[PDB]
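Next comes model_35.csv, a file with CSV, C-alpha atoms.
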```
chain,number,residue,atom,x,y,z
S,1,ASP,CA,-12.8,-19.0,40.8
S,2,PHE,CA,-12.4,-19.7,44.5
S,3,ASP,CA,-14.8,-16.8,45.0
S,4,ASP,CA,-17.2,-18.6,42.6
S,5,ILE,CA,-17.2,-21.9,44.6
S,6,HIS,CA,-17.3,-20.0,47.9
S,7,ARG,CA,-20.3,-18.0,46.6
S,8,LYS,CA,-22.1,-21.2,45.5
S,9,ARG,CA,-21.3,-22.8,48.9
S,10,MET,CA,-22.6,-19.9,51.0
S,11,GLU,CA,-25.5,-19.8,48.5
S,12,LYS,CA,-26.5,-23.5,49.2
S,13,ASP,CA,-25.9,-22.7,52.9
S,14,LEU,CA,-28.4,-19.9,52.7
S,15,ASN,CA,-30.8,-22.2,50.8
S,16,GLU,CA,-30.6,-25.1,53.3
S,17,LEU,CA,-30.7,-22.6,56.2
S,18,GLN,CA,-33.8,-20.8,55.0
S,19,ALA,CA,-35.3,-24.2,54.2
S,20,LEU,CA,-34.8,-25.4,57.7
S,21,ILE,CA,-36.0,-22.0,58.9
S,22,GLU,CA,-39.3,-22.4,57.1
S,23,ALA,CA,-39.4,-26.0,58.2
S,24,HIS,CA,-39.2,-25.2,62.0
S,25,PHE,CA,-41.5,-22.4,61.2
S,26,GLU,CA,-44.1,-25.0,60.0
S,27,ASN,CA,-43.3,-27.3,62.9
S,28,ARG,CA,-43.7,-24.8,65.6
S,29,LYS,CA,-46.7,-23.6,63.8
S,30,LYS,CA,-48.4,-27.0,63.9
S,31,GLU,CA,-47.4,-27.1,67.6
S,32,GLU,CA,-49.0,-23.7,68.1
S,33,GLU,CA,-52.2,-25.0,66.4
S,34,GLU,CA,-52.2,-28.0,68.7
S,35,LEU,CA,-51.7,-25.7,71.7
S,36,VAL,CA,-54.6,-23.5,70.5
S,37,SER,CA,-56.8,-26.5,70.2
S,38,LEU,CA,-55.6,-27.4,73.7
S,39,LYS,CA,-56.6,-23.9,75.0
S,40,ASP,CA,-60.0,-24.3,73.2
S,41,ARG,CA,-60.8,-27.7,74.8
S,42,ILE,CA,-59.4,-26.2,78.0
S,43,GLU,CA,-62.0,-23.4,77.9
S,44,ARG,CA,-64.6,-26.1,77.1
S,45,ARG,CA,-63.4,-27.8,80.3
S,46,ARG,CA,-63.7,-24.6,82.2
S,47,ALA,CA,-67.2,-24.0,81.0
S,48,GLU,CA,-68.3,-27.6,81.7
S,49,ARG,CA,-66.7,-27.6,85.2
S,50,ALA,CA,-68.4,-24.2,85.8
S,51,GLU,CA,-71.9,-25.5,84.8
S,52,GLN,CA,-71.6,-28.8,86.7
S,53,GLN,CA,-70.1,-27.0,89.8
S,54,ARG,CA,-73.0,-24.5,89.6
S,55,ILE,CA,-75.5,-27.3,89.3
S,56,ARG,CA,-74.0,-29.0,92.4
S,57,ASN,CA,-74.1,-25.7,94.3
S,58,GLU,CA,-77.7,-25.1,93.2
S,59,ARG,CA,-78.8,-28.5,94.6
K,1,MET,CA,-34.4,-17.4,64.9
K,2,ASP,CA,-32.7,-19.9,62.6
K,3,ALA,CA,-33.0,-19.0,58.9
K,4,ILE,CA,-32.7,-15.3,59.6
K,5,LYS,CA,-29.2,-15.7,61.1
K,6,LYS,CA,-28.0,-17.7,58.1
K,7,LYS,CA,-29.5,-15.1,55.7
K,8,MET,CA,-27.7,-12.3,57.6
K,9,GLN,CA,-24.5,-14.3,57.3
K,10,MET,CA,-24.9,-14.6,53.5
K,11,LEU,CA,-25.6,-10.8,53.3
K,12,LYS,CA,-22.3,-10.3,55.3
K,13,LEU,CA,-20.3,-12.6,53.1
K,14,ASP,CA,-21.4,-10.5,50.1
K,15,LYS,CA,-20.5,-7.4,52.1
K,16,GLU,CA,-16.9,-8.6,52.8
K,17,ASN,CA,-16.3,-9.8,49.2
K,18,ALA,CA,-17.7,-6.7,47.6
K,19,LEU,CA,-15.8,-4.4,49.9
K,20,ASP,CA,-12.5,-6.3,49.4
K,21,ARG,CA,-12.9,-6.2,45.7
K,22,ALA,CA,-13.6,-2.4,45.8
K,23,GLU,CA,-10.5,-1.8,47.9
K,24,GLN,CA,-8.3,-4.0,45.6
K,25,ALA,CA,-9.6,-2.2,42.5
K,26,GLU,CA,-8.8,1.2,44.1
K,27,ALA,CA,-5.3,0.1,44.9
K,28,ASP,CA,-4.9,-1.2,41.3
K,29,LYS,CA,-6.1,2.2,40.0
K,30,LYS,CA,-3.6,4.0,42.2
K,31,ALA,CA,-0.7,1.8,41.0
K,32,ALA,CA,-1.6,2.0,37.3
K,33,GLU,CA,-2.0,5.8,37.3
K,34,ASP,CA,1.3,6.2,39.1
K,35,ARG,CA,2.9,4.1,36.4
K,36,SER,CA,1.3,6.1,33.7
K,37,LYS,CA,2.4,9.5,35.1
K,38,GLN,CA,6.0,8.3,35.7
K,39,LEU,CA,6.1,7.2,32.1
K,40,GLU,CA,4.8,10.6,31.0
K,41,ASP,CA,7.5,12.3,33.0
K,42,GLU,CA,10.1,10.1,31.3
K,43,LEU,CA,8.7,11.1,28.0
K,44,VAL,CA,9.0,14.8,29.0
K,45,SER,CA,12.6,14.4,30.0
K,46,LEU,CA,13.3,12.7,26.6
K,47,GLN,CA,11.7,15.6,24.8
K,48,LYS,CA,14.0,18.0,26.7
K,49,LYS,CA,17.0,15.9,25.9
K,50,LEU,CA,16.0,15.9,22.2
K,51,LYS,CA,15.8,19.7,22.4
K,52,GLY,CA,19.3,19.9,23.8
K,53,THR,CA,20.5,17.6,21.1
K,54,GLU,CA,18.8,19.7,18.5
K,55,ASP,CA,20.5,22.8,19.9
J,1,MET,CA,-40.6,-6.5,62.9
J,2,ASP,CA,-38.1,-3.5,62.6
J,3,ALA,CA,-34.5,-4.6,63.0
J,4,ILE,CA,-34.4,-7.1,60.2
J,5,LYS,CA,-35.5,-4.6,57.6
J,6,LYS,CA,-33.0,-1.8,58.5
J,7,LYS,CA,-30.1,-4.1,58.9
J,8,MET,CA,-30.8,-6.0,55.6
J,9,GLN,CA,-31.2,-2.8,53.7
J,10,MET,CA,-28.1,-1.2,55.1
J,11,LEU,CA,-26.0,-4.3,54.2
J,12,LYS,CA,-27.4,-4.5,50.7
J,13,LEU,CA,-26.5,-0.8,50.4
J,14,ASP,CA,-23.0,-1.6,51.5
J,15,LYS,CA,-22.6,-4.3,48.9
J,16,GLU,CA,-23.9,-2.1,46.1
J,17,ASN,CA,-21.7,0.8,47.2
J,18,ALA,CA,-18.6,-1.4,47.1
J,19,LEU,CA,-19.5,-2.9,43.8
J,20,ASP,CA,-20.1,0.4,42.0
J,21,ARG,CA,-16.9,1.8,43.5
J,22,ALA,CA,-14.9,-1.2,42.3
J,23,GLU,CA,-16.4,-0.8,38.8
J,24,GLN,CA,-15.5,2.9,38.6
J,25,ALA,CA,-11.9,2.1,39.8
J,26,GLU,CA,-11.5,-0.7,37.2
J,27,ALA,CA,-12.8,1.6,34.4
J,28,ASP,CA,-10.3,4.2,35.3
J,29,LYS,CA,-7.6,1.5,35.6
J,30,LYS,CA,-8.3,0.3,32.0
J,31,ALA,CA,-8.3,3.8,30.6
J,32,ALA,CA,-5.0,4.7,32.4
J,33,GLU,CA,-3.5,1.4,31.2
J,34,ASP,CA,-4.4,2.2,27.5
J,35,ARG,CA,-3.1,5.8,27.9
J,36,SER,CA,0.1,4.3,29.3
J,37,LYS,CA,0.4,2.0,26.3
J,38,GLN,CA,0.1,5.1,24.1
J,39,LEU,CA,2.8,6.8,26.0
J,40,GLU,CA,5.1,3.8,25.6
J,41,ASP,CA,4.5,3.6,21.9
J,42,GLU,CA,5.1,7.4,21.4
J,43,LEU,CA,8.2,7.2,23.6
J,44,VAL,CA,9.8,4.5,21.5
J,45,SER,CA,9.5,6.6,18.3
J,46,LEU,CA,10.8,9.7,20.2
J,47,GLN,CA,13.9,7.7,21.1
J,48,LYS,CA,14.3,6.6,17.5
J,49,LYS,CA,14.1,10.2,16.2
J,50,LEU,CA,16.5,11.2,19.0
J,51,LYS,CA,19.0,8.5,17.9
J,52,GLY,CA,18.8,9.7,14.3
J,53,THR,CA,19.3,13.3,15.4
J,54,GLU,CA,22.4,12.3,17.5
J,55,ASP,CA,23.9,10.4,14.5
```

Spit out the file's structure as structure tokens when you get a sec.
Amino acid sequence: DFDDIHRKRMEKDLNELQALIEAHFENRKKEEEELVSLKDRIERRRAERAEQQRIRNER
Amino acid sequence: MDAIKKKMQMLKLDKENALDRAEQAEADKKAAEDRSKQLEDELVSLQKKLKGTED
Amino acid sequence: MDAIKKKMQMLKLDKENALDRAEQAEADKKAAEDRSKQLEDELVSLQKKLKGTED
């Protein structure tokens, strides 16, 4: 009936919506991984700046 | 977020459709039972009229 | 989280409640309809025997 096609329509709506939901989940997840790697290289930069600054100060 | 809202909307469409069907069925039951009981009353009056005719 | 679980469970409960209520109503509707049919069938014969009695 009209209820049947309405149900199938909201069904495929839910399907595409959860699909895009998981999709942006994955996208923002990759972005968070990239940002974590950024933080890691950032702490590497902190440590290297600290050691070279300390060497400069020692001299 | 994004998918969660759509899933909630689906769960709400099911809610509205189920509730509407329940209410409509309840109205149907009320109407049908009223029909049946009025027919039974008509039958009773016919029995009484038959009794008067028998007398 | 917390809100998603409770809201989803409550909405599914609402859908199930409406569905079962509708099924009960439709069952009673079908039974009342058949009983009404029986009442009609008996009433016709009651009328026929009344007509013979009156003749």

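With atom CA of residue 23 of chain S on one side and atom CA of residue 7 of chain K on the other, the separation reads 14.9 Å.
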
Can you give me chain K superposed onto chain J, least-squares on all Cα in order, written as a PDB file with C-alpha atoms, keeping the file's coordinate frame?
```
ATOM      1  CA  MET K   1     -40.121  -9.032  60.782  1.00  0.00           C
ATOM      2  CA  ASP K   2     -39.439  -5.305  61.046  1.00  0.00           C
ATOM      3  CA  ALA K   3     -35.862  -4.493  62.113  1.00  0.00           C
ATOM      4  CA  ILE K   4     -34.438  -7.391  60.154  1.00  0.00           C
ATOM      5  CA  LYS K   5     -35.712  -5.984  56.828  1.00  0.00           C
ATOM      6  CA  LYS K   6     -34.200  -2.571  57.543  1.00  0.00           C
ATOM      7  CA  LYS K   7     -30.868  -4.200  58.552  1.00  0.00           C
ATOM      8  CA  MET K   8     -30.851  -6.201  55.283  1.00  0.00           C
ATOM      9  CA  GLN K   9     -31.493  -2.966  53.425  1.00  0.00           C
ATOM     10  CA  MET K  10     -28.485  -1.271  55.089  1.00  0.00           C
ATOM     11  CA  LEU K  11     -26.308  -4.354  54.235  1.00  0.00           C
ATOM     12  CA  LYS K  12     -27.528  -3.935  50.564  1.00  0.00           C
ATOM     13  CA  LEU K  13     -26.805  -0.248  50.458  1.00  0.00           C
ATOM     14  CA  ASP K  14     -23.215  -1.038  51.512  1.00  0.00           C
ATOM     15  CA  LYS K  15     -23.172  -3.762  48.866  1.00  0.00           C
ATOM     16  CA  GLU K  16     -24.200  -1.358  46.027  1.00  0.00           C
ATOM     17  CA  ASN K  17     -21.787   1.422  47.128  1.00  0.00           C
ATOM     18  CA  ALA K  18     -18.852  -0.879  47.598  1.00  0.00           C
ATOM     19  CA  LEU K  19     -19.435  -2.635  44.317  1.00  0.00           C
ATOM     20  CA  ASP K  20     -19.849   0.664  42.395  1.00  0.00           C
ATOM     21  CA  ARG K  21     -16.709   2.019  43.868  1.00  0.00           C
ATOM     22  CA  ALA K  22     -14.785  -1.196  42.919  1.00  0.00           C
ATOM     23  CA  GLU K  23     -16.046  -0.997  39.349  1.00  0.00           C
ATOM     24  CA  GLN K  24     -15.173   2.762  39.062  1.00  0.00           C
ATOM     25  CA  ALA K  25     -11.673   2.136  40.440  1.00  0.00           C
ATOM     26  CA  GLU K  26     -11.138  -0.684  37.886  1.00  0.00           C
ATOM     27  CA  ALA K  27     -12.201   1.551  35.062  1.00  0.00           C
ATOM     28  CA  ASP K  28      -9.854   4.304  36.375  1.00  0.00           C
ATOM     29  CA  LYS K  29      -6.998   1.750  36.458  1.00  0.00           C
ATOM     30  CA  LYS K  30      -7.731   0.712  32.892  1.00  0.00           C
ATOM     31  CA  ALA K  31      -7.742   4.340  31.656  1.00  0.00           C
ATOM     32  CA  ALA K  32      -4.578   5.367  33.519  1.00  0.00           C
ATOM     33  CA  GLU K  33      -2.552   2.348  32.343  1.00  0.00           C
ATOM     34  CA  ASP K  34      -3.658   2.929  28.775  1.00  0.00           C
ATOM     35  CA  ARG K  35      -2.429   6.486  29.092  1.00  0.00           C
ATOM     36  CA  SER K  36       0.825   5.384  30.521  1.00  0.00           C
ATOM     37  CA  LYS K  37       1.546   2.804  27.772  1.00  0.00           C
ATOM     38  CA  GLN K  38       0.603   5.252  24.966  1.00  0.00           C
ATOM     39  CA  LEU K  39       3.040   7.705  26.457  1.00  0.00           C
ATOM     40  CA  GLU K  40       5.722   5.012  26.563  1.00  0.00           C
ATOM     41  CA  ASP K  41       5.115   4.237  22.928  1.00  0.00           C
ATOM     42  CA  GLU K  42       5.507   7.934  22.108  1.00  0.00           C
ATOM     43  CA  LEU K  43       8.738   7.939  23.955  1.00  0.00           C
ATOM     44  CA  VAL K  44       9.910   4.908  21.901  1.00  0.00           C
ATOM     45  CA  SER K  45       9.062   6.586  18.647  1.00  0.00           C
ATOM     46  CA  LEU K  46      11.042   9.700  19.799  1.00  0.00           C
ATOM     47  CA  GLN K  47      14.026   7.534  20.584  1.00  0.00           C
ATOM     48  CA  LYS K  48      13.857   6.082  17.045  1.00  0.00           C
ATOM     49  CA  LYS K  49      13.569   9.510  15.557  1.00  0.00           C
ATOM     50  CA  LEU K  50      16.620  10.635  17.586  1.00  0.00           C
ATOM     51  CA  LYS K  51      18.490   7.629  16.175  1.00  0.00           C
ATOM     52  CA  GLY K  52      17.624   8.636  12.641  1.00  0.00           C
ATOM     53  CA  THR K  53      18.721  12.139  13.381  1.00  0.00           C
ATOM     54  CA  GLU K  54      21.940  10.868  14.825  1.00  0.00           C
ATOM     55  CA  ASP K  55      22.533   8.814  11.681  1.00  0.00           C
TER      56      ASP K  55
END
```

Test item: which residues lie within 12 Å of (9.4, 15.1, 25.6) counting all atoms listed in the file, as a ChimeraX atom specification
/K:39-52 /J:39,42-47,49-50

Rounded to one decimal, what separation in Å do you get between atom CA of residue 33 of chain J and atom CA of residue 32 of chain K?
6.4 Å

Taking all atoms listed in the file into account, what are the residues of chain K at most 9 Å from chain S, put as a VMD selection string?
chain K and resid 1 to 7 9 to 10 13 to 14 17

At a cut-off of 6 Å, which residues of chain J touch chain K? Count only C-alpha atoms and give the answer as number ranges by chain.
J: 15, 18-19, 21-22, 25-26, 29, 32, 36, 43, 50

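If you look at atom CA of residue 45 of chain S and atom CA of residue 57 of chain S, they are 17.7 Å away from each other.
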